[PDB]
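What follows is a pair of forms of the same protein chain, given separately as structure tokens and numbered structure 1 and structure 2.
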Structure 1
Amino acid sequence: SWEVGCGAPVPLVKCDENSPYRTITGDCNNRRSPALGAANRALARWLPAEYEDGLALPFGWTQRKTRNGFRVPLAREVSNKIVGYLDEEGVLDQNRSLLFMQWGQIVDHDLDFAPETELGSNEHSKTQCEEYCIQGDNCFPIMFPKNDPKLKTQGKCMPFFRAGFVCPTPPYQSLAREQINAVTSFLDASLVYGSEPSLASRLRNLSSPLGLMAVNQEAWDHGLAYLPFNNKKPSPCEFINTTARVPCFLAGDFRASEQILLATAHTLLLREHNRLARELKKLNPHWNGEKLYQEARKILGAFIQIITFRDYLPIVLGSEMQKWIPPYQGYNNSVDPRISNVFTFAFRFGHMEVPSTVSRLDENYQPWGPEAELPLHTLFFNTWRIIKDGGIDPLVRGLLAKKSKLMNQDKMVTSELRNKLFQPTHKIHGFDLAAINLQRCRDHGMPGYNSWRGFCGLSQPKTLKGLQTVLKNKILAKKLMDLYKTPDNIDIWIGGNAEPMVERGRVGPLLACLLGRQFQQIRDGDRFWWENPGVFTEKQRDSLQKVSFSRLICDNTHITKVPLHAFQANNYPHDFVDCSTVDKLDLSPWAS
């Protein structure tokens, strides 16, 4: 009585024996269990789901019910009392560039997406959710506390719809509810190529036999490509400025236009693919378009893996890196590659790294124009600021020369996200990412803070004094206890992010364990890991060792001055070097 999955919403895929290249869906990576890590399957559960009724109802759904004998605090109340702050001065990370934040979002999007329950034409219950703040079915509104300023301005709630789940879409099938991961669990550049064959096809340039991805036909960046537009309305990107009427971009991941620096990063990756495909055709004129595309794709996937494991993870996990992610020793087909449900909350540590402004810089790394520095909230689903206001180069220079926000126990999430989030269905710059994260936590039936501390072999504080000690902060611990009553009830997103950061890292002990375990698994459990014997040639592996994010920029923009270590904080001109001194990727090993 151990049915291995709800297998009804996805037919089994037949596994080719040759398999030189990944599937788009992630099927067939694991030859013994082919759907493992594939898109459109349940997130893995590392611990059993915890719901109010044991099955699907989130904690907080029913008033009179409790969690462990106490009511759970309103998501927005926790946001207001713990997560918010006013003063941006002094909040920046002195040793992480803004690219550090941005790379995190890119990696996250490659790994996991649990999209809301849109079903079909549910615009009658959707408006009913927004309009009337009415809890039922997949409508789980974020209600404002008394004295919330947004009561004066926005009504009684923020609308919120439950995440999609496996087996039934409207009703229920009698296991605990399991949310779906709509993208591949492998770190594979699915955010560039898509996780479904339909989108993967749509994204490619099949008109020419050159293995290119489709590029914008309406605009270009001083001769360089943009992503194609998504030609389907409504377009939230058109809505935010109905004069410019610039649509959202079309990328391998639907979230690509959520903010302008994400759209930028997607643009770099797209350009890199086509640059690769062109170079490969030069070396191998006999290669057809399928070949050129797959070979370029495979390279780009290795680029993302190397940047992530070699440059990013060490400076997230700090002294904990080697504990959870020891030197690679090859593919292990016993490893579970699936993204866990908890990871999709753990990796939202990035939310506390996002600063309140974004800058455009000129070739002297000085403010670009009179509106050089923009408030982050103006840039949600904003593509017109790229198309009609200077292309990506000024934004890429900002990514290099400006800093991430530093997580701070007293200054957690900038008001640009916590009060001014724009959601692609709604009309206002009035949402709260923090409140949404907490509501989502409960939506997904997450075990509480202490359950995960136990999973990670860490102490489980039961009293105010114990929590004070773990968080190394008396005031924060006191405020959490006032809202949550027991640490057992603290939502993992807020409890994990509240912990002081490990040495040389940017997350605390609990998050290091959850993140570190997940990344270990997605490396060891991936048959197409770049360094796995058999995937690349030895010569190819030696060339790949040379990649850098600096080189990506040099190759794919009109920027010619770059730092050597792009994720640290770098000041111009002292830490910048000429591109012509930065190692390029040698594609000679790819000549057949």
Structure 2
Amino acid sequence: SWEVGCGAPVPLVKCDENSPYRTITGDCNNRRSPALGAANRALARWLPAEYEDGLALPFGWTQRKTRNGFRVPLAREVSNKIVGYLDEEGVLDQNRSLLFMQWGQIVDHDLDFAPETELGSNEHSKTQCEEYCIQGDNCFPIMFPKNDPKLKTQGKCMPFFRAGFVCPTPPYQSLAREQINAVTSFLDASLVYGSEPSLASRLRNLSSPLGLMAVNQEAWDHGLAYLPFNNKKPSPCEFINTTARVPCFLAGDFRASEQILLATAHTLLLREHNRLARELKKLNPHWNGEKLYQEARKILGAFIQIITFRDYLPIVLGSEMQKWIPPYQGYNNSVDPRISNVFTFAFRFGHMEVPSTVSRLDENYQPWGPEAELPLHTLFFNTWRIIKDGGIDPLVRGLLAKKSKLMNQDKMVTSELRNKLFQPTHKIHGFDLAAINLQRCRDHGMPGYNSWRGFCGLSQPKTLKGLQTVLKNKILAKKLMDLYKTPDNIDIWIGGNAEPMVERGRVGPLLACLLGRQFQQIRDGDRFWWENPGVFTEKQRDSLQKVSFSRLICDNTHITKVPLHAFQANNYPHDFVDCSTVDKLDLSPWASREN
């Protein structure tokens, strides 16, 4: 047997089934199988899980059981010998703006979220894990190798908690452990509106019947809206500066404040929903609040889908784009729209695209003040630099005029993320995102590198010289061999990111395959995909193809000069045009005449 039975904690509701609007949870998209792609369900498995005991224990848990005959190397040791570098000179992508990196984190947050297990509010396990590095239950510490400088200064390990799973979150036992995806699988702007009934309602402004989203009432950006502050204390955003005491923002996704440019992107989208809702009220005075909200919501989701598939994916996938993603042929109800477990690691290629600094530029795109350029690590869960230091326009300009970091085999992840990451639950700027990614691969039961190469129909190197040829790098292959002792054991996150990039793309062959297949499925398996006949009218679709991120900036900021193609590297002032030259979204096709 299969067992489609286990479904426990899910947010089930009844399907209206003629509603022209998506549900908040993702349910009812697929008519024959209503829960397909919904939030709070297990991530799909394209291949069986690989755990140390076949059921739930990650490889590396029992420093006594090997993987294919060899001990798996420490997550942090692989990070130190392969992922790190010191020199930031020459590391920038010459043909990708900072926005290229930032849009990827937005798309990713719309699609997947596998939360850490809790079982702890007034818990000492969150201390037994952090304080003593005792592995057990959901605590699976990242231990430091001999000679790691963090040993001298931080402790014996980095605390790490296992990801939540379906059927309980208590102990449990029976079938293999499947992690949860707490957001909707469809590209539907759930990062703005929420994936839950609760949260979505709370984000809305129901005092007025205008279909607007709630906005901050304590601060304004030159009369432009800020997201509302989050209710919860202790707040990570005020701990980083107890003097400013500025809390984190409240948005449709819980990671909105992880870094300043992510919060900036979230603010733009919140502003766009409100802009849309009042423009729709101008054209249709009779529409009620709910209708304004849903209609504004539907348009914004179409915008994310368009920017993502027309502008972003072609420059990630490059020449592999047509290979995995065919031109759209219509909705396919037999296609599985669920985000796969391996995708959540494949999409983490963006971590190698994050540069070490962030800039605030003034109106002539010149350095904004004395401390214009800031190290990235000072900006994790930092909301005060926005509210107290200039608003979002200076940050938006930097997104347009600065570059992303280029993935480089000798320089993979910046130290701002590799040694100085700040985690919401803890107090130090001392975590390692690369080590966490590797440890999480094991936590999630990921098959190894060659298993995924096979899945994609690519060769599977078994020797040093095999890897060399595939990676087209002798030194990298050798370092990987000395740590893993067999390409079969290489964790998918580093194996996939170590491959040279495809022509015109920014990921290698393995990743192009994993990414490409996933994106083909959420497009083809989405009943509300924007091009699906009947979702929008021919005239509405005609108006929607003229959207651009440039216009979004023009309409929701006080920036007047923007580039036409925001994802490629743009130099000021030559590549910048005046906002009034940029195509506007024409909303007259939405006008609704009575008689």
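Only the largest set of C-alpha atoms that superpose within 1.5 Å between the two forms is called the rigid core. One-based numbering along structure 1's sequence throughout.
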Exercise for the section: State which of the options 87, 371, 290, 123 undergoes a Cα shift of 2 Å or more between the two structures, taking the core as fixed. Expected result: 123
Problem - residue 13 C-alpha shift between the two structures of 2 Å or more, rigid core reference - result: yes
Completion exercise
Here the CA of residue 168, compared between the two structures on the core, is shifted in angstrom by 1.4
Handout entry: Rigid-core-superposed Cα shift at residue 502 between the two structures, Å
Key = 0.2
